[PDB]
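Chains as they are written, first to last, in the deposited numbering: chain H, 2 to 525; chain N, 2 to 525; chain M, 2 to 525.
What follows is one structure encoded as structure tokens, with my remarks underneath.
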Amino acid sequence: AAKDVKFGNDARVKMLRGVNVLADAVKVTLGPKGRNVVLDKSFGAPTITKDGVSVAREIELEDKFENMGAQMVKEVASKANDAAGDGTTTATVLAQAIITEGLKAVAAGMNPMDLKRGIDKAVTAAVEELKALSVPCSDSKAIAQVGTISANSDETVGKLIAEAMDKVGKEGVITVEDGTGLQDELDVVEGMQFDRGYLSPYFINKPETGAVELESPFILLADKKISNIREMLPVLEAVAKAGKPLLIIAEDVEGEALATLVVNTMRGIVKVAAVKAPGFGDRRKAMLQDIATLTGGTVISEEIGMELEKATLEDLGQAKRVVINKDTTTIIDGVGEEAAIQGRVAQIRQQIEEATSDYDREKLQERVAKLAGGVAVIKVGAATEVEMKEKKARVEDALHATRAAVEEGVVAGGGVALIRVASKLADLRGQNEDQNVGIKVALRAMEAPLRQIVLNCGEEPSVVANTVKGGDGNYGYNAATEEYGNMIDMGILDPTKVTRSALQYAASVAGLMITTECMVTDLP
Amino acid sequence: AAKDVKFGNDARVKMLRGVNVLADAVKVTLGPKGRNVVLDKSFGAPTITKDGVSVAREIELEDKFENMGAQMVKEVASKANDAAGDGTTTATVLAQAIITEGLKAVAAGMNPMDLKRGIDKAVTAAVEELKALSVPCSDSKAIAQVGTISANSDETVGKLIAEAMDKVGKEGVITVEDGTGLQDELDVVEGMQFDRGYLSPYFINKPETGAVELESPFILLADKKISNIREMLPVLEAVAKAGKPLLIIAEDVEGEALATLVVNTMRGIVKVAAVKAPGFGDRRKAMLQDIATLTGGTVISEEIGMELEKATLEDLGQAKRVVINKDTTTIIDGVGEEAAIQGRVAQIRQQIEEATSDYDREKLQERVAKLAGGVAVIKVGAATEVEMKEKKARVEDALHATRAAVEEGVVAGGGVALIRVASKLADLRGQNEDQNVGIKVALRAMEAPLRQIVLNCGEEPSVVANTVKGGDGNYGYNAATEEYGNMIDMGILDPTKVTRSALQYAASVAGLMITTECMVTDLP
Amino acid sequence: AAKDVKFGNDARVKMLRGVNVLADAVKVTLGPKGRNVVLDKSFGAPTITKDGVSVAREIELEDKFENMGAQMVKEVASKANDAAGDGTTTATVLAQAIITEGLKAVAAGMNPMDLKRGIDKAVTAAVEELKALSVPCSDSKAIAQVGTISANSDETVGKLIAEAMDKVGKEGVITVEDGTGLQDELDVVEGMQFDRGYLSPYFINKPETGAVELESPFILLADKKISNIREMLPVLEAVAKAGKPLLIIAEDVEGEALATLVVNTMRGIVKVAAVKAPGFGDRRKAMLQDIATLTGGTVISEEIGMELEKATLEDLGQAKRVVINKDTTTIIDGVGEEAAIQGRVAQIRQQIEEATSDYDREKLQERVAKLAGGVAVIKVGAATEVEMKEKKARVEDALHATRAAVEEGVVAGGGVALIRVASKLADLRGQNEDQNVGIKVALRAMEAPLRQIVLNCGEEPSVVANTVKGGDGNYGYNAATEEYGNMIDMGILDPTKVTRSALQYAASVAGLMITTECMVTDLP
Ligand SMILES: Nc1ncnc2c1ncn2[C@@H]1O[C@H](COP(=O)(O)OP(=O)(O)O)[C@@H](O)[C@H]1O
Ligand SMILES: Nc1ncnc2c1ncn2[C@@H]1O[C@H](COP(=O)(O)OP(=O)(O)O)[C@@H](O)[C@H]1O
Ligand SMILES: Nc1ncnc2c1ncn2[C@@H]1O[C@H](COP(=O)(O)OP(=O)(O)O)[C@@H](O)[C@H]1O
Ligand code: BEF
Ligand code: BEF
Ligand code: BEF
Ligand SMILES: [K+]
Ligand SMILES: [K+]
Ligand SMILES: [K+]
Ligand SMILES: [Mg+2]
Ligand SMILES: [Mg+2]
Ligand SMILES: [Mg+2]
């Protein structure tokens, strides 16, 4: 309704103070000597986190102007997280430095939009230099290293991730869940396994109790429910009874089919089992074809001139063995030739890139893996729930970080990257003096991350930053050992993707934020 | 509703202060060295914008009177927007100037209604002088220029629009959507293509690309959803003997029909495909006749005496090719008479002037494009959502502005146009001395845009206004380069329509506003 | 609720101050040098108006008593508007004057009830003197003049109204709507105009812009809906297939009834069209016979001993041409006897009385115009919405004023009429001295309008009032030219009816208001 407006430097100060609250809150978590922030939650017990964007998201201020500022820089940490998954704190520190020096330049009466232009040019150039310094991260050693770094110097996490990426490969899927016991644990499921259980509990064939085993069985795949009665199916069972046991996959299996199926499996004339198909309906309908081509069987598609009632023993798929429990169904191997199969693993790759980003990629690469690779799950150990949350957060951080490292390569850590490219951009100049100042502002702000890392140790940022600028190559400061040295040799690695993204995102919002000559909001 | 009344100068001052708050808020965005305003939003993050009407709309003041003033002048920016789409800020600045100088004139005790009379006369003359100064904007260079100017000196956007307008021809449509990646992108679809997919994936001919290609097919156009194949059948048998494929368009095609159709296209009995009609009921039924006349077939209307069972090969439409994928359908080289096409486009032009703006103009011209011209979409690149808002806003501004240039021609930018016609009206006089004063108020106020453009650079407006008024023709001040020169030669162009509009709209509300002797509102 | 009572002068002051607030608010709009009032509105933008009653209606005051006063005198402006349509401001000023001098007289201890009697007697006499002074207003010159005057010296309005009233005659109907473009436009539809559109768009004939033309067709008139009446129809269809096209008018034509009609106009058996009947159920059936006698056709009433299926080729009416679009239908040159036309015109004349003056007259005069004469519509041009409200208000004012003048004639403007009758009543006396004082109060108050018109110019009202009171006849003051002269020759004319009304209503509420010895209201 009724508004309140402020103009010029008067508004810039309020906005800046607002930025500074969010930034000062996020800064303490930066680097190895960084400390932890506690975020209250109304419903439960509090959460303790070193994760930057988690802290940033929770910040909101009275005094609506300061709040506007904070709400604006919150976006840099949020997009940093949503793109890379690590380095949010760094992106925030960069944003703060840029806003500060930038507004300082505006106070000098320099043209703000021109400052923005200079900054953005400086950033594009710096991004080129970054993409240049990057060296591929391939061998499991380096991977374990960047893993350890994103995890705040927990070696176990890095080595565990290196192992997982080693077993299921890069293309393979890796997920992380809460662990029961205190030790971190890595579970790896190979081959075709999907998450659904047996419809009838009577099917257990083994002293394994819940589990069910079928040796070299035949697999039947149906698009439609058997939900009516057992009428249509038995013609297939008659051919299936000749030499083999049988596995069923469909939409669902109702009583009339199930009970009779049970009675026949009990004596049993032939051993049979039935489970729901893996996913939600359409995706799952797509996954039935996966199971089909994998087992060398054919899907029965109601919407074609193949009828559910008529099917022959050759229509069935074959497998070495199959195992079912309350949770998942498993095929121990496909009997179909790898030419056609790998044809389908390759052809699904055209489906891999799409407007759905990672939503499709998790379960699609899941699909690809289940056919070719494997799926992995990391159970994070902790004593208490408050340790559990933070620990798992660092783990997911390390996972994102390693994926980024693998994808875009890595550059020297400890914030030595940005300062190193900044030294290469010293001769860069713009169209006018204002733009020159903008560039110089950006180049100054790229020192921020390192100075903050040093500062969290309670040491001179000026001195360390200088003695680093005195050096060449990967020479940098090791904050944990509080000594200088070669970063790459010390195994301190920043994934290029996260440094690149953090810088890009910081400059994007700070650039716009320093062009503010007016602010409009609701009344207090 | 207990009221509160104020009279005369006592009330005029409150009104003026409010106006001054709205205007001073909008002004900072004026011109190239103009700056940005931040608008808080309850639901989301704040918005950063250089767009004038965007800032104007958000303004509301506590004091009911001041608020009445602001709420009244907000309309000039709004109408500016609804007519031109650019020049909102300018229209606001003109309104502020006229109001200020006018109320001062009332302080002299002059007759307000006569001041309005004088102002309106001066404006009426100035518009003609503008129509004289306006020169055609045709070549892609000029278009690119006005684009660049309205876009706040982003040349890329200016070139993009000129290019697009070149590719889709006149009557072709150009729209802008949020872009996925950081770079700007121009997409162009030529001819008749609508967004619907094949109903069954089994229809696919010539895979991969999951596309269906029909060479010289028959197009079937149905107003109703297709459930049974009985009603469907005769025409299909007629086409199978015909030697040709068949394309289907309806509200939808239900199971029995799809299934029968799929099985028949599979057996290799007939090559067929089916897609939904393009829009919602009135929209789709309206577009069915377009597609019909384009392909020379006749729509089967249950609501007329054609029933689907009775259908003829002549009821069918024909085309050179049709191509369908999961997303879009395309009709290539329809066989419908060029006569019929220009007939229906002409018949749509009567719908073009329809009193309901925005989407009606947008989606109607869209249809036109599909029949004759082509459609284009400009995707705006940005790192973050706030940058996306700023860039995309500037893009639609540049878009409307270029369209305005094409329609009404262009005049010298930098507001040098208004001052130039104002010098031409210097000998104008009215019926009495007061009206004479009104004219002078208008002519003095036409300097405002230029003086503000200069003022936002932090330079003497007085001096620039003088040295410009000393000159003639298109000689003006370049605010970006902060040096003088010919406006047209330096490519600073104001679309004549937005400049003409800004002035008329400003004058209409301000003229009335200075006639206020009393103000009535609710009590605090 | 708990009340609050005040007695005598203490309460009278409270009433008076409120009256004075309403009045001082309305007065500022009086005469040519009058000014404008701004009225806040919660939902939308504020409203700017010179219209008196509009300002009056919006007034309500905190203090309950002052509010009682204002709320009571608001009724004079309201009744003035509801009767005349102009002269609201004048009526208000009269009321304030009368109330003021009256309360003054009450302070002298005069019997209020006697004062009321004196006032009313003086007024009743003053009306006679007015109708004596009244001169016929006929010629388009005069019409244009009083029109222009009520419109606040906008000549275009006077000319437009004169054009319409000359074109459509007096009895003809005139309405006013918001205009598309900036310029005022007068549209005139001669002959039989019909408000409803075609039910099927396929009926379209040779014209474009979706119009249908039938040359020398037959007219069909039905009381009942045609749906299942499809089969009833053909007996008539035989003549339509024989020699000529066909037109249908009824309650409605449902689906499948319509379709058959369309198909035949397509195949080319018969050219036909169908539209809904004009009005709501009972009103409309009366207008059907009008159309019947106009075209020489006969109404078919299912609700009479006219049967639906059987009708003859001669039972139909004939016309030169008919034209239909989405909005309106038009019948050219009915073949019905002038005997029948003037017969229905004459038989409606007892109905022009219509047992009331208000609701019915509006749409009845519409019917009257449509049958013999013609209808006119004035579209009002404006740049912006706030101007549109103001312009159309003055236009509607001028329209009412012209009709009033034509019916009752005109008298000299500038409020010189009343001051002229006041001189004639100088010898008037009552029953006792108090009543005499009342008479003199009315006569004294009749000077008020002129003195206010003068006062809004910032001139001595006393001086102009005296030097005007010194002359005779139509001698008066022109406030726009600010010099004296003959009023009617200068084209300043007040319709006798509005002055007569203003005086009567003002006297009615003011006479009673001064009789107050006590006031009761709710507590704060
Ligand atoms: N032992 C270390 N010595 C020097 N720099 C380190 C060390 N460990 C991590 N860093 C640097 O600190 C940064 C880690 O920041 P962190 O606190 O994880 O928040 P974020 O990852 O969101 O920036 C990385 O850029 C990394 O290069
Ligand atoms: N470099 C420049 N030098 C001088 N005038 C300019 C320059 N760029 C734009 N202008 C003028 O400034 C005005 C820009 O309007 P803008 O500030 O974008 O808001 P709006 O278009 O809503 O008024 C136009 O008159 C344009 O001609
Ligand atoms: N040029 C003029 N000189 C003097 N009086 C005028 C002039 N024009 C109009 N008037 C008077 O002004 C009065 C009407 O003005 P206005 O207040 O706008 O409407 P109303 O009072 O009828 O509601 C009429 O009595 C008319 O005679
Ligand atoms: F504080 Be982090 F590693 F996003
Ligand atoms: F200030 Be704008 F580009 F309408
Ligand atoms: F106050 Be008005 F011109 F009816
Ligand atoms: K961290
Ligand atoms: K702008
Ligand atoms: K008035
Ligand atoms: Mg990290
Ligand atoms: Mg602009
Ligand atoms: Mg009037």
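For every residue, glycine included, the Cβ atom is placed at its ideal position computed from N, Cα and C.
How would you call residue 345 of chain N, buried or exposed, if buried means at least 16 neighbouring beta carbons within 10 angstroms? Residue burial annotation: residue 345 of chain N is buried, with at least 16 other C-beta atoms found within 10 angstroms of its C-beta.
Using a Cβ-Cβ cut-off of 8 Å, state whether residue 491 of chain N counts as contacting chain H. Taking Cβ atoms only, chain H never reaches closer than 8 Å to residue 491 of chain N, which makes this a no.
Count the CB pairs spanning the stretch 396-406 of chain H and the stretch 108-118 of chain H that are closer than 8 Å, and state whether there are at least three. Cβ pair count under 8 Å is below three, so no.
Which residue's Cα is closest to the Cα of residue 141 of chain N: N/11, N/195, N/154 and N/161? N/161 is the residue among N/11, N/195, N/154 and N/161 whose C-alpha sits nearest the C-alpha of residue 141 of chain N.
heavy atom of ligand 12 below 7 Å from residue 139 of chain N C-beta: Checking the Cβ of residue 139 of chain N against ligand 12 gives no.
Which first and last residues belong to the beta strand (DSSP E) in which residue 48 of chain N is found? In the DSSP annotation of this structure, the continuous segment of the beta strand (DSSP E) that includes residue 48 of chain N starts and ends at 48-50.
I want to see whether chain H comes within less than 8 Å of residue 230 of chain N, judged by CB atoms only; does it? Not an interface residue.
Beta-carbon separation of residue 76 of chain N and residue 387 of chain N under 8 Å? Taking 8 Å as the Cβ cut-off, residue 76 of chain N and residue 387 of chain N do not qualify as a contacting pair.
Among M/270, M/11, M/4 and M/2, which one has its Cα closest to the Cα of residue 517 of chain M? The shortest CA-to-CA distance from residue 517 of chain M to any of M/270, M/11, M/4 and M/2 is the one to M/11.
Does any heavy atom of ligand 10 sit closer than 7 Å to the C-beta of residue 115 of chain H? Relative to the non-hydrogen atoms of ligand 10, the Cβ of residue 115 of chain H never comes closer than 7 Å to any of them.
Between the CA atoms of residue 37 of chain N and residue 30 of chain N - distance to the nearest angstrom: Distance between residue 30 of chain N and residue 37 of chain N, taken at the CA atoms: about 6 Å.
If distances are taken between C-alpha atoms only, which option among M/239, M/224 and M/268 comes closest to residue 253 of chain M? Selected option, being the one with the closest Cα: M/224.
Taking just the CA atoms, how far does residue 356 of chain H sit from residue 329 of chain N? Residue 329 of chain N and residue 356 of chain H have their C-alpha atoms roughly 15 Å apart.
Coil, strand or helix - residue 300 of chain M by DSSP: DSSP places residue 300 of chain M in coil when its eight states are reduced to three.
Looking at the secondary structure, which residues open and close the beta strand (DSSP E) in which residue 428 of chain H lies? Per DSSP, residue 428 of chain H belongs to no beta strand (DSSP E) and is neither H nor E.
DSSP three-state label for residue 496 of chain H, please. In the structure shown, residue 496 of chain H adopts extended strand secondary structure according to DSSP, grouped into three states.
What's the C-alpha gap between residue 486 of chain M and residue 453 of chain N? Looking at the two C-alpha atoms, the distance is approximately 50 Å.
Can you tell me which of the three DSSP states residue 36 of chain H falls into? Assignment of residue 36 of chain H by DSSP, reduced to helix, strand and coil, places it in the coil class.
Taking buried to mean at least 16 other C-beta atoms within 10 Å of its own C-beta, is residue 353 of chain H buried or exposed? Residue 353 of chain H counts as exposed, since fewer than 16 other beta carbons sit within 10 angstroms of its beta carbon.
Using a Cβ-Cβ distance under 8 Å, would residue 267 of chain N count as near chain H? It does; some Cβ of chain H falls within 8 Å.
Chain-ordered chain H contacts of residue 62 of chain N [CB-CB under 8 Å]: Close partners of residue 62 of chain N in chain H (Cβ separation under 8 Å): 3 and 4.
Is residue 53 of chain N a contact residue of ligand 8, with contact defined as CB to any heavy atom under 7 Å? At least one heavy atom of ligand 8 is found less than 7 Å from the C-beta of residue 53 of chain N.
At a cut-off of 7 Å, is residue 153 of chain H close to ligand 7 when judged by its beta-carbon and the heavy atoms of the ligand? Residue 153 of chain H Cβ: within cutoff of ligand 7.
Please name the residue, chosen from N/216, N/108, N/232 and N/524, that lies closest to residue 311 of chain N on a Cα-to-Cα basis. Taking only the C-alpha atoms, the option nearest residue 311 of chain N is N/232.
Please tell me whether residue 388 of chain H has its Cβ less than 8 Å away from any Cβ of chain N. By this cut-off, residue 388 of chain H is not an interface position.
Could you name the residues of the same chain whose beta carbon sits closer than 7 Å to that of residue 81 of chain H, not counting the 5 residues immediately before and after it, in chain order? The beta carbon of residue 81 of chain H lies closer than 7 Å to those of 54, 88, 89, 92, 502, 503 and 506 in the same chain, with the five residues before and after it left out.
DSSP beta-bridge partners of residue 215 of chain N: Listed as beta-bridge partners of residue 215 of chain N by DSSP are N/323.
Below 9 Å between beta carbons is the criterion; list the residues of the stretch 190-218 of chain M that meet it against any residue of chain N, in chain order. Legend: CB atoms of the stretch 190-218 of chain M lying less than 9 Å from CB atoms of chain N belong to residues 201, 203, 209, 210 and 211.
Just list the residues that DSSP pairs residue 487 of chain M with in beta bridges. For residue 487 of chain M, which the question treats as bridged, DSSP gives the partners M/476.
Closer than 8 Å at the beta carbon, the chain M residues around residue 509 of chain N: Result: 383, 384, 385, 387 and 388.
Can a CB atom of chain N be found closer than 8 Å to the CB of residue 452 of chain M? So no, residue 452 of chain M is outside the interface.
Leaving out five residues on either side along the sequence, give the residues of the same chain with a beta carbon under 7 Å from the beta carbon of residue 414 of chain N. Only 150, 488, 493, 494 and 495 meet the Cβ criterion.
Against residue 80 of chain H, what residues of chain N qualify as contacts under a CB-to-CB distance less than 9 Å, listed in chain order? For the C-beta of residue 80 of chain H, the chain N residues within less than 9 Å are, from N- to C-terminus, 384, 385 and 386.
Is the Cβ of residue 40 of chain M closer than 8 Å to any Cβ of chain N? Residue 40 of chain M counts as touching chain N.
Mind pulling the alpha helix (DSSP H) runs of 4 or more residues that sit fully within the stretch 221-283 of chain N? The DSSP assignment places 234-243 and 256-268 as complete runs of the alpha helix (DSSP H) inside the stretch 221-283 of chain N, in order along the chain (cut-off: 4 residues).
With 8 Å as the threshold, decide whether the Cβ of residue 18 of chain N is near any Cβ in chain H. Judged by the 8 Å Cβ criterion, residue 18 of chain N is not in contact with chain H.
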